Amino acid sequence: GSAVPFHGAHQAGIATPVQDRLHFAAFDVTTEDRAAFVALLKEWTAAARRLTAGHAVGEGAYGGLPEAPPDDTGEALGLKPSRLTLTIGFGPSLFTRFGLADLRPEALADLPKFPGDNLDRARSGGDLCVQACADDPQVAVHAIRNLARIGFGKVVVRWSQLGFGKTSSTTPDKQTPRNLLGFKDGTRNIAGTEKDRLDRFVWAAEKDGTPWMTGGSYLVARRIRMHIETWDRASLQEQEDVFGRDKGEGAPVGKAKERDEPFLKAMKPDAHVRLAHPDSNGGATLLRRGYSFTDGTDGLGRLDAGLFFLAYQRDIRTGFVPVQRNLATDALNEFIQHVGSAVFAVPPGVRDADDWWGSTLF
Amino acid sequence: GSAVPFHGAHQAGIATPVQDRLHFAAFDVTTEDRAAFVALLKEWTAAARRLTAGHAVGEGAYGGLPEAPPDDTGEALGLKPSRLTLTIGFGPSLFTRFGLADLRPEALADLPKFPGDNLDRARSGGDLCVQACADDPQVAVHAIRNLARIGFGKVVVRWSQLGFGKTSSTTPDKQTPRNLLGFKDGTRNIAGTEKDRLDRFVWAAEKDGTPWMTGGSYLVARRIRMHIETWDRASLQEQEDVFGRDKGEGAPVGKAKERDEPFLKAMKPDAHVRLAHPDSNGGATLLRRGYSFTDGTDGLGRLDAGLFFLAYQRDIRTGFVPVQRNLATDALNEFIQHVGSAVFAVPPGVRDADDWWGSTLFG
Ligand code: HEM
Ligand code: HEM
């Protein structure tokens, strides 16, 4: 129920312990006025400071002038902060506006087409994103709703994704959650305590070539549909062979415990863990921070199910791209399809009460 | 606060404490073979007994024969029972199968068309429902996914809805949840503690005319979209006037406290509370047990959110129908739209370890 501090050198919501719920929204910008957009970023920052401390935005949810709409929509009244974090990112398309073209980071790379991609263009891309994570879904929806309202006339929601449960871990001392295939997901991640590993693999450094991004990170989002009918008829051995870990304990094949180190040569050559492991990818390491989703039925008699995969990294070209390229032969590909994609530059943290989202860029 | 008993005279999930999360699924039946369907109901009951105790279905999620698919899909391993309840219901369309046409309860009435209805046929109806409620949404989803799998070849999933209420880890049990319009929702309801009110208004009695339904109830489900962005532009006064209660405290107009009894004549004539109150409907009283939903954003960038309204009652004709008819002129209608609907007969409880869902109907 506690608050996660909002200010810092880095934005919260990355290294932070992974909260139970996600509401992710991508926005397109509809104003060509730079000053108007800067004013929005400041108003959003002010709102975020309220929201993440469990307070209502603006002058509150009630007790104002009867003839005015309340400043806050009110559905989070009486609720705790619930570890709400709000993380903003800027998409490549933003940099075509406001004279920003030459400030687009090299590390904000467009992704290549990957074999098997079936990307919905309507649920891909976006000028900007807001990741809202919290332990209470109502708290997360309230935050996104109120930001969108404040931004009316300057930004529109392009697409959104709710995540009902986490499929990631930045806290190895706590139980690793399972994805909808029934496997633990998050054992070998980067922990929030691993400052050296965060600095090496997650945070952008001044020397990487884009000074305004120092202390930021780069985000890849992939909406992945799971073929659960196909998976559910697979044998136990087939499932375990796909991953290279057993299902019950989630230990590497041959070993007894979840957190025993993988011995890659005992896994099938097309096992997911074997192909995704840093040692298979020249050391490339990601911070995975995704969530599960179900968006109803598929119209063919079955539940829809998927994973909204989020990865943070210091450079898209040295993080997600090499690892995904190496997944071209993954046994897991029989059971999944990527159907949405976006990339974002996640700026540095809001340093104090006078700072604002995007201040280093603008 | 860990598990809710599965067995009882009544199915759990109606009068038992309201859990934080919902996964509601409607199923259509694909078999014409009564014996095959009965067999399914027995297998589903066996699975439900395991699921509600926090155990995997069948022989488990791992450790069986390597060359066999696991009996349980495994995504709830490591989780707690989470107060899971599984409540089954039978839709009117089920009664056109298996020779059951003369056993359809008269209280399982088809709803009339109501003004402003915009029902999506794909997210309406269904031969069967399973209401899965739990504090952890993964526990609920796991239940529905595994029931659907056990039933594959005999049933299909027609439509599915996830919902949320409060989060109990951080929110006191007594506090009334707010809906997504920002108003407290549930103040004047039937509580599961009110045994006599449940007998009067919720449970079917034998003398009501359908003996197999004694101890059961009737469910109306309505997927109600809110026009969030239009609502959020309304003034505070307009919003309070729509309901007849203030937004901060949720007190009736002219009163000080949430739980103060309303004075209906102080409210506007078409205020929601005034139109919905039992006194305005000949005493008709409902058990509301709905959940909020937020599914995403639509193609216009608007929030696809609302209330997945669930009401339990002793007879649809004397519960939901009169009350919803009375909402024809509700000021709230400007801001909502009913976009899905279904009705179900919820049979009596599973009495003991040898009983099974639907045993009073199938025999
Ligand atoms: C639906 C899609 C996916 C599923 C179900 C899945 C599942 C898993 C599982 C069960 C593990 C083992 C436990 C762990 O260490 O986390 C794992 C590990 C991993 N996955 Fe995935 N994954 C998916 C997609 C991806 C994608 C798209 C990437 C990257 C492009 C990826 C990268 C990784 C990495 C880096 C590891 C850790 C390998 C190691 O260092 O041991 N996964 N995944
Ligand atoms: C999105 C749709 C709806 C919203 C936002 C809504 C909201 C509310 C709110 C805020 C209250 C007052 C507090 C309370 O006592 O719970 C209320 C009361 C009530 N509502 Fe609704 N409602 C909706 C739909 C319906 C429908 C479809 C029905 C029935 C057909 C209904 C029946 C009732 C009843 C019976 C009461 C209690 C009245 C009393 O006895 O004081 N509501 N609703």
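Each chain gets a letter, A, B and so on, in the order the sequences are listed, and its residues count up from 1. Start at 1 and go down the list; that is how both ligands and their atoms are numbered.
Figure legend: cation-pi geometry between B:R223 and B:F293, with NZ or CZ positioned under 6.0 Å from the six-membered ring centre and within 45° of its axis.
Remark: minimum distance from atom 14 (C) of ligand 1 to any protein heavy atom is reached at A:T187 N, 3.4 Å. When only non-hydrogen protein atoms are considered, atom 2 (C) of ligand 2 lies nearest to B:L307 CD2, 3.8 Å. Nearest protein heavy-atom neighbour of atom 7 (C) of ligand 1: A:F243 CE2, 3.4 Å. The protein heavy atom nearest to atom 40 (O) of ligand 1 is A:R188 NH2, 2.9 Å. Looking from atom 5 (C) of ligand 1 to the surrounding protein, the closest heavy atom is A:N179 ND2, 3.5 Å. When only non-hydrogen protein atoms are considered, atom 27 (C) of ligand 1 lies nearest to A:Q324 OE1, 3.6 Å.
Heavy atoms from other residues, nucleotides or ligands lying under 6.0 Å from OH of A:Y62 number 12 at most. Within a 6.0 Å radius of CZ in B:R200, no more than 12 heavy atoms belonging to other residues, nucleotides or ligands are found. Counting non-hydrogen atoms of neighbouring residues, nucleotides and ligands closer than 6.0 angstrom, the NZ atom of B:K268 reaches no more than 12 such neighbours.
Near A:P278, the atoms of ligand 1 lying under 4.0 angstrom from a non-hydrogen atom of the residue are 40 (O). Heavy-atom proximity to B:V323, at under 4.0 Å, picks out these atoms of ligand 2: 29 (C), 30 (C). Within the listing of ligand 1, atoms 30 (C) sit less than 4.0 angstrom from a heavy atom of A:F320. Here is the list of ligand 1 atoms found below 4.0 Å of a heavy atom in A:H277: 38 (C), 39 (C), 40 (O), 41 (O). Less than 4.0 angstrom separates some heavy atom of A:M226 from each of these atoms of ligand 1: 1 (C), 5 (C). Residue A:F183 has at least one heavy-atom neighbour below 4.0 Å for each of these atoms of ligand 1: 10 (C).
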Table please: side-chain donor-acceptor pairs of residues 320-329 of chain B below 3.5 Å, with sequence neighbours left out.
| residue | atom | partner | partner atom | Å |
| --- | --- | --- | --- | --- |
| B:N326 | ND2 | B:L275 | O | 2.9 |
| B:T329 | OG1 | B:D270 | OD1 | 2.7 |

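For the pair A:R145 and B:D232, the salt-bridge criterion is met [side-chain N within less than 4.0 Å of a carboxylate O].
Classification of the A:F308-A:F24 ring pair by plane angle, with boundaries at 30° and 60°, yields perpendicular.
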* Can you list the steps and then say if A:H272 with A:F243 is a ring-ring contact (aromatic ring centres under 6.0 Å, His included)? -> CA-CA 5 Å; A:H272 180 75; A:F243 285 112; 5.7 Å; yes
* To do: Could you walk me through whether B:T176 and B:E258 pass side-chain hydrogen bond (donor to acceptor under 3.5 Å, both in side chains), step by step?
  => CA-CA 9 Å; B:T176 311; B:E258 177 189 350; 2.6 Å; yes
* Asked: Should A:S168 and A:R288 be marked as a side-chain hydrogen bond (donor to acceptor under 3.5 Å, both in side chains) after you check the CA-CA gap, both sets of side-chain angles, and the distance that decides it?
  -> CA-CA 6 Å; A:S168 52; A:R288 291 176 286 141; over 6 Å; no
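Of all heavy-atom pairs between A:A251 and A:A256, the closest is CB-C, 3.7 Å. Taking each heavy atom of B:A305 and B:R225 in turn, the nearest pair found is O-CD, 3.2 Å. Closest of all the heavy-atom pairs between A:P252 and A:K257 is CD-O, 3.6 Å.
Considering B:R225, B:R325, B:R259, B:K184 only, the shortest heavy-atom separation from atom 13 (C) of ligand 2 involves B:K184.
Near-neighbour remark for atom 21 (Fe) of ligand 1: protein N, O or S atoms under 2.8 Å are A:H272 NE2; waters not counted.
For the ligand labelled ligand 2, residue B:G186 lies inside the 4.0 Å heavy-atom shell.
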